[PDB]
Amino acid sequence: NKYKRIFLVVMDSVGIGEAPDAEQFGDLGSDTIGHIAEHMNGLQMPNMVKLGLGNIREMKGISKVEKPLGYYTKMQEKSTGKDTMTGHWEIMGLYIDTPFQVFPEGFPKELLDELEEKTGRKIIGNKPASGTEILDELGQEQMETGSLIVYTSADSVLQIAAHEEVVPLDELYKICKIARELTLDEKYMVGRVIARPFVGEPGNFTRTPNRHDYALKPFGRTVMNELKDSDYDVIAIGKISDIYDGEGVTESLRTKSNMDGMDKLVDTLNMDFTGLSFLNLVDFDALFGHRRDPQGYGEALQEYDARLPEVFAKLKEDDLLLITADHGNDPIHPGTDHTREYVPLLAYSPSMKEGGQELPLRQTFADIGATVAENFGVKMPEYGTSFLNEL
């Protein structure tokens, strides 16, 4: 093998400008990093600059360098969707024709009626809301009627909330399994069905740790699947394991923030393993992208960049670092959904003694999976062109 360990970092939603097909998604003028850089009056990311982020595209405070540490380019998404599942599944060697849906006006009547008819329970709510806001509004009604609080977020989820003393956990889990079967439908395909049990009284409701997720498996066997079957290590950090529904994962590390995510990346650098370490930094998307907060987004990027020098110091000669994104989420853009954007790609190894160069534009996210697969000599994915030999 050329590289013993590959460390892949997904900076979630950190796009680098509108894709060629952005108009179809209503995403013209979208530019995640660029608008953040403009808002911040110059983004302070000297370590990403040294890798060659500005060499991909120059933005305010992000300039190009003569000798970048590693190789640089951007990737174009080939799959139909701009959601998290689609992005991550493509990265690992798949092509997804059927996009996952978001529901800013609530779920369609047809789906809710069929869920009512199958469960024998009424449905209240049907709108985007946080866990705290929806329980204060409809929690008391739920307790008194025995109905189900169905709600969503800015992402592709269907959440069902019910009181543990009123609706038993096992009954709530069975309802979510039915909801999962009904949402395996093109008209209303959700990425994740989430059980949201809660306890307490009107005025003081609290969500219990009895939360259960019901996700879909990737539409095809991934490079992660092939690595695991060939006895390689596949360490998932953050929400990576959940996104792939555990497929191809040998070990999973839970994180609570971006800084905690970088701590667990440092933990894997200290581990004697052979294979892939896979990190997702979710804060960019969940906290700032969807909430349209360019200031908080900007600060988070600067906080992330300041952690990189320690990562550079720990990388060995046979280690490869890959930094990318799964889609865009422009914090200065209409609505609450993601943006169809190019994603940056940086590939760095300390063994690159004379630095890196420009790679050809990656026509699919699957080029990463193809590179990972060729490196470890496992079955090549159906989609993607490896850039291993260019490095």
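Throughout, we count residues from 1 along the sequence that is shown.
When the mean C-alpha temperature factors of 74-82 and 196-204 are read from the deposited coordinates, 196-204 comes out higher. As listed in the deposited structure, the average C-alpha B-factor of 353-361 and of 338-346 is greater for 353-361. Of all the options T145, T255, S252, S277, the entry's greatest CA B-factor is assigned to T145.
Highest CA B-factor among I91, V234, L169, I96, as stated in the entry: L169. Sort the chain's modelled residues by C-alpha temperature factor and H35 lands in the middle third, per the entry. Looking at the C-alpha B-factors along this chain, the one for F273 belongs to the middle third. When the modelled residues of the chain are ordered by C-alpha B-factor, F387 sits in the middle third.
Sorting the modelled residues of the chain by their CA temperature factor places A366 in the lowest third.
When the modelled residues of the chain are ordered by C-alpha B-factor, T324 sits in the lowest third.
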